[PDB]
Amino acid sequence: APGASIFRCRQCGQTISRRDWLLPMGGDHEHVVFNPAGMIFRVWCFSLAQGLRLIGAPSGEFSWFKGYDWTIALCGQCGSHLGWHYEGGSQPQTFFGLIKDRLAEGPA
């Protein structure tokens, strides 16, 4: 009865991802980054996520991951900012960078 296998939106409970889907980009699933407004994020990389809504068209500006363009990923239920979807790159072509403290971990 594993208690730590699925990630939900911390604000509303929307199903978002799974521990099984964690992706070591450059050899770690966890990347600590800051944006141009100086906000620091603990980003967890996932191969796959669901329950999101991707807004706008991709941008390469200020991308933390070489060769990838990003789109903002909201919770599709509550509209909370959960992270970004990355695309346009290589091996893999796409992935999700989700903000760890915006997710709640728990049983399947």
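The numbering used is simple: start at 1 and walk along the sequence shown.
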Exercise for review: May I ask you to compare 2-10 and 99-107 by their mean CA B factor in the entry and name the higher one?
Suggested key: 2-10
Exercise for review: Compare the mean C-alpha B-factor of 76-84 with that of 26-34 as given in the PDB entry, and name the stretch with the higher value.
Suggested key: 26-34
Check your understanding: What third of the chain, by the recorded C-alpha B-factor, contains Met39?
Key -> highest
**Study point:** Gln91 by Cα B-factor - lowest, middle or highest third of the modelled chain
**Key:** highest
Study note, to complete from the structure: Here the Cα B-factor of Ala57, set against its chain, lands in the third termed highest
